[PDB]
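What follows is a single structure, written as structure tokens, with notes after it.
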There are 2 protein chains.
Amino acid sequence: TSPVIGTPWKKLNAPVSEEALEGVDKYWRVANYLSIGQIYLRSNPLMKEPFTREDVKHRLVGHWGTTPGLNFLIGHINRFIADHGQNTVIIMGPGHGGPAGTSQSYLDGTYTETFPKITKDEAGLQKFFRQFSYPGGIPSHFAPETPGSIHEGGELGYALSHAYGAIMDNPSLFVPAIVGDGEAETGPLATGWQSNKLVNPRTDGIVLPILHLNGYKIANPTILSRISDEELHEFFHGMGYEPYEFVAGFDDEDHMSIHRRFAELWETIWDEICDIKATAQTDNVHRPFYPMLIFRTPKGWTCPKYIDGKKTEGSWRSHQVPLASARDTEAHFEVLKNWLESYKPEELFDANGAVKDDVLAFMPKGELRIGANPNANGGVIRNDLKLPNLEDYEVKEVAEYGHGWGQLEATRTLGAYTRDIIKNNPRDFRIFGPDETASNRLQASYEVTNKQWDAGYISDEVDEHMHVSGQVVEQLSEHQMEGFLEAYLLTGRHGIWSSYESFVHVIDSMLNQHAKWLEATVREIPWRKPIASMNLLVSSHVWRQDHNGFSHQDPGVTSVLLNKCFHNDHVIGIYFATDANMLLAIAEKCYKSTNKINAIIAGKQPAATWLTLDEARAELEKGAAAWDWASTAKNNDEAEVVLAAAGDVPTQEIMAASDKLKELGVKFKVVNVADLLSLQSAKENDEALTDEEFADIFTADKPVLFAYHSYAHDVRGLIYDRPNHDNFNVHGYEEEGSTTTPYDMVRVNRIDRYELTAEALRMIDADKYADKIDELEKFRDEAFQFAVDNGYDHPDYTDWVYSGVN
Amino acid sequence: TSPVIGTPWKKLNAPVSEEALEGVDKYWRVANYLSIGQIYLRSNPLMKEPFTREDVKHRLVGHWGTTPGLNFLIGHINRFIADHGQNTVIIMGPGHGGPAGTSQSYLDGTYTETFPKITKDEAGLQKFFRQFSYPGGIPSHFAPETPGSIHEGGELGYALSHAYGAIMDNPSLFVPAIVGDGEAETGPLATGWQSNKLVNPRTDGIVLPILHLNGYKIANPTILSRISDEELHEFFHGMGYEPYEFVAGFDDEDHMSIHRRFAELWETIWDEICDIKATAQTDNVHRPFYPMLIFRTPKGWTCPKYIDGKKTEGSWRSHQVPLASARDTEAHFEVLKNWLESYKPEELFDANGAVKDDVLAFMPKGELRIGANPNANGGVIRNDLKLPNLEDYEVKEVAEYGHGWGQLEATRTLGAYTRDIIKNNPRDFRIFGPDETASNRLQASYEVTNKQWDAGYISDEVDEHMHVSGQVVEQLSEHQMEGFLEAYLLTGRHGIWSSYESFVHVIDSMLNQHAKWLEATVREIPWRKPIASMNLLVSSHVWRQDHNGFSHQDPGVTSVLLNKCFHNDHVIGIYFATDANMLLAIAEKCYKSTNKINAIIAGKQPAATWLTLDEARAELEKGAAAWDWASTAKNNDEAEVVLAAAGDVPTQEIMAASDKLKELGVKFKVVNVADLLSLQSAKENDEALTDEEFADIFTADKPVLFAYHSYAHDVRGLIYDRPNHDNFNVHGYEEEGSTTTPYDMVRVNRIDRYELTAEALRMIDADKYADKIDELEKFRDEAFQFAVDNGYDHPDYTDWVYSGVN
Ligand SMILES: Cc1ncc(C[n+]2csc(CCOP(=O)(O)OP(=O)(O)O)c2C)c(N)n1
Ligand SMILES: Cc1ncc(C[n+]2csc(CCOP(=O)(O)OP(=O)(O)O)c2C)c(N)n1
Ligand SMILES: [Mg+2]
Ligand SMILES: [Mg+2]
């Protein structure tokens, strides 16, 4: 449960004191000085004479175009938090403005507790300057290593979705989301603007989107800054926002006047926020107009105006680093020296190098600090879910009528399980889906909650199961759901989100970024506590896209996911749900897990059920297991072939092929691989099953016929080192598909039961079984011709049921 | 060069005749009848008695929620084209409305020329009805098999970028881009709205975005339809559009009145289009307000109102298929029969089943038809580029001073080459880049063209190289560039686009879709002529992300790309530019190629040059080649190890390791793999090099040490079948990185020269070379400590130059 901190939504009811604004100005100066020292300095932080080119870093790496504006905003936000005691977490959308965040963490004090070696004196200042973007130091971007960070910012376009996710079910949290004007050009952010139609002011917090309209991208102006101001205000007001505009730094106005003006504007916007919050207590049915700030400043606002006769301040030339070589020429070093002295550090630092007390006297303290805020470190907030007992949802007909019984839809069991999880954990668990929950048969959750929808309502005939507050969020944008869920987990909550398989690639970048957030966390960041796992239910897979066809059949998500399994981080888990019971075991494991990305591939089509819950759990605790009941060989030596499968449709095809093989006297073994990553090399992955266990499951001499869900490429690239890998004959998706009957789909990919039977015969004796192979190959064509002639699959294919059903 | 067709931008200067609107109404009726027959009917197309449940398809597959609105729009657009003779290509954003497009193709006649077996009579009508979404038929979506299609519509959010790309450098082309309201929620489309700031009305065509605001997604209402109309108009006017609104079908108004009203509204919008075009001839500096149409209609507009007491028309329940089982119950069959008879097909079809002449008397003819428009079939327009002679750009210092000379930046040579290509081919070649052309060192193109930018201008100090018309387009959105380039190629033009490596994943979906467009084209669509290849210059790769760090280091693009190499389609090419000359050869091959996706991975960092242009061409014509000069073994038998590399940084590390090995007397071979797909299995890929050639390059017994750019997983999954695959020891990216010196980057991934030397020693004799291995492993740590202490890489690492430089 998200905690309430301080006194949320209080109006100041007084003008901002002059001492507070003096503190803000001194903070801005000292923060800019630290941001410059990090990029350029390495030694002699206080410029004690002699200050020479020796003290400049050899390789100048970093960004400065956005840093001073971020320092300005952060200083004013710090004054605001100190005055009001608001629960605040800052989303820094331009993550390349890393020095701003690191400077804030150093100034508020949190960086010293987090890293004790960086003291608050001259030596600590020297280390702090040196370590930025340094070999063995800290990253340039606003990184997980930085206290008070929940958004990396490497990628662009996910600041707004992250802010809105952070405020969901968090009524007392205020999130100022700083957005780069160039970042606003990205596709994800343009639809993230429209995310105020899915949050309720009473049940959720408040997001204040601060558009950092500095004018330029890297070597390019931004579209937003160059269109007319009337167009900008009209555009923002068309998306349910009330635009306020602040303009500074474009003339010779004194800095203290700028601080006064921003104080007044900020207090006005805060008054509208408090009015919205107070209104939401009584009326929360009709959507308000959330204010948003348009912050127009020159890029690299405080840097020297001209360098080599080139306009630097207020241009794109200041994005990465002005003074690209301040160590190679004397004129550049003099420019840098004057730039550093312009902030007058002699009055900002005491004799010992500590920032003077009166500079930070206005700073917030305790839990209120951005660095120490719990919503930044979502691990400490996180509490484990209350999970319903699993046997309540087990499919018991398997244990009575035998394996392979029925035509159940696999995902409905997960739907019921998640419904009861929501029932036990309201306001703490949430389901996302890009318009596809009902298609993924997860609608069982609607019995205990509603779809959160804050746009207009028209009629009851079409608005079933929607409400202003709910635990289900839908919007046709995978970026929205991914960002929402990542932010939701990063703040300490839990959730799951489901999608079509081919469309998960839309968020291939996003997943990667989260993986990078986890890999960085597990390796070198002990103080960042574990967060809940990100659960992605991939459904409506390639093998059953009847209505859509070729455009919707892309199983390549696994190929992307495997790229992130290195160095025993275990941040990735890929699970294949053979049936409903296997799905239950997988989901239970995933919901108990932490610091992982769990992709559960389950089909929504009517499929048989093979395992009991105990059997499924036993298979899952190893990752792959031999089905003793399905096999005909009592020992490894007897088997003439091993049929291994991963995925529901491949499992069905393998079992159907096994039935035909059993009529021919073939001794074969049957293996099901629930978890893909268990097949990884033992010495590479300690959690992966050992080579001895692998050899026990797959005998060395016996050929192995593997039927796989995704492309065979990723499996073959995974088992290269394993014993008997050369005998594996993997059959996977082969980029063949259309709108056609289910038998045709598996036929054109050579994964059907008849082709699998012919393959298993060929690994034994093509010469002995030549006639049978000819008959099977003829029958494939005859069955396809039957589907063409009569419009549906063959009675042989459709009516087939396993011989073990009682 | 894009041709001029008909009489572009003519005002009608007369009211629409009543006979034309009668024709439009009859067209709408017959098109809806055909769309229903495709989804439901299997036989007896004209409902000749007896009409029973036998004639209904067993498996009802398709979409109807968007079909009638598309039929309405297409009928009115057809009347418009017939009246004005405009050059028009329709982008159908809701691609799931396939029956609309197929019905249009059948009605205008083009489908009969394209597929002669589908005659225009009762038997042809029966075949046309049966083949939709059928085994051995045609896909459900608006597919490449459908004449007059350039956008699949499978994925959502790329209609606007495709339209804007289609109109670039096409002054006479008018593109009505139909956009689904649910599709407008997607991230790519929200930023595609802002694409009118990058097109010039004089030099480009006109896009008319038709927002198909039918209200609902699948089982969910849309955000756009539920916000207030004032908000909608304000939002669209804030993005430089003039919104016109049409509302129909929500009451009992007669259909003919709806047709009259839409005729008047369409003519008004066309008058504003013609005014904009006429103005652009004299003044094209200031941006106009392009009109856009908001088309509010009930979803599944003409279907029965209620089915099972559930609101079907005007709801989300009609998205895929109303009457989900019209074959299983008599009441459902009666509902379907009445639905079919409501269109009165008895007067729309003659005795022989041909659509009556007076129904299509208003139709356009010849090249003007949407099916027969050349801009739909971009292959016939396409003409080969005028390529400058290659030796003009060869780096000649290699042939004089020896291999490995210099510190040139690889991509600058490509910059000069593309500059001269633009010079020879203006208005036909175009460069795209998500704000990264100057970072990718492609700015040499600015000497002959400008960045196209139609937003406001402020000053010359910051607006260098921008102009209202240019051959370079920049906007911080990879979706924009990918869609622009795909549409540009699909209409017959050529282009290239460059990007950071980690961010190509942002368009992982888009690439896949284009691959699907190509694979479908090469296999079964002969009448679709080849289009220009899509060239993606991947630069600023993982090994040299000094400023950004861990967030920007993701080489997984190759893993996605390999998933699309099946069945000898050869739609994918991955090339690794070792140096400038190799890059020139690669680019020449790519620019001459057709129907491919070519990913050229070249580094922007200062790197040595190894090959002459003839040598690079010789290596490229095989894909992998043995460097005879670098090797020490004259024959395959002598070598104790083979050092193979793919990529510039891996090549540098391999050569540096070879220099250290040569001092120890080791006989080794050196191999460079320019093209990855040449390593694919010979029997799988006919273009891939044979197993005999592979064995010649890599001897069977000798161990092979492979240094790879991307993850080792994809390489190992590619060479499973090849001889001596078990001896390969691939070293690739291992998810280790930060902001640090270049030596550290390759050190933490165990791909540096010292680790490679130790590895190559270990494949020979760990026991003999134990002391040398210990010394190398100590030296790695000492060199990293030097970088930590002094801030830059070791003099041993930095100052090293190949021993073959004269
Ligand atoms: C999708 C994407 N494309 C490109 C980049 C490379 N990049 C890093 S920072 C940056 C510029 C950011 O522009 P803007 O939003 O204007 O930021 P600011 O001016 O505040 O630095 C770019 C393009 C990226 N991070 N993400
Ligand atoms: C990114 C993405 N997510 C999901 C889908 C699945 N899908 C196919 S059609 C469709 C509904 C389209 O909605 P809308 O734009 O309102 O279309 P219309 O009402 O005209 O059918 C969806 C969600 C998709 N094609 N692309
Ligand atoms: Mg900016
Ligand atoms: Mg719609």
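Residue names in the structure tokens use chain letters A, B, ... in the order shown, residue numbers from 1 in each chain, and ligand numbers from 1 in the order shown.
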
Would you give me, as a ChimeraX atom specification, the residues in segment 180-306 of chain B that DSSP reads as alpha helix (DSSP H)?
/B:187-192,223-226,229-237,255-282

How would you write, as JSON, numbers by chain, the set of residues no farther than 7 Å from ligand 1 when counting only C-alpha atoms and all ligand atoms?
{"A": [65, 66, 94, 96, 154, 155, 156, 179, 180, 181, 182, 183, 184, 186, 212, 214, 215, 216, 217, 218, 222, 299, 319], "B": [434, 435, 436, 476, 477, 478, 503]}

Can you pull out every residue from segment 643-769 of chain B that DSSP, working from the backbone, puts in strand (DSSP E), and format the result as a PyMOL selection string?
chain B and resi 643-646+668-673+704-708+728-731

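When the distance limit is 8 Å and only C-alpha atoms are what count, the residues near residue 539 of chain B, minus those fewer than 2 positions from it on the same chain, are residues 440, 498, 499, 500, 501, 537, 541, 601, 602, 603 and 604 of chain B.
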
What's the 7 Å shell around residue 632 of chain B, counting only C-alpha atoms, without same-chain residues fewer than 6 positions away, as number ranges by chain?
B: 667-669

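Residues in contact with segment 729-733 of chain A at 7 Å, where only C-alpha atoms are counted and same-chain residues fewer than 4 positions away are skipped, are listed as residues 704, 705, 706, 707, 708, 709, 710, 711, 712, 749 and 751 of chain A.
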
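In this model, the gap between atom CA of residue 353 of chain A and atom CA of residue 38 of chain A comes to 15.3 Å.
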
Closest of B:567, B:10, B:427, B:117 to chain A, counting only C-alpha atoms, is B:567

I want to know what sits within 7 Å of residue 616 of chain B, based on only C-alpha atoms, with residues of the same chain fewer than 6 positions away left out; could you give that as JSON, numbers by chain?
{"B": [581, 582, 585]}

Write out as a VMD selection string which residues come within 8 Å of residue 191 of chain B when counting only C-alpha atoms, dropping same-chain ones fewer than 2 positions away.
(chain A and resid 185 to 187 190 to 191) or (chain B and resid 187 to 189 193 to 195 477 480)
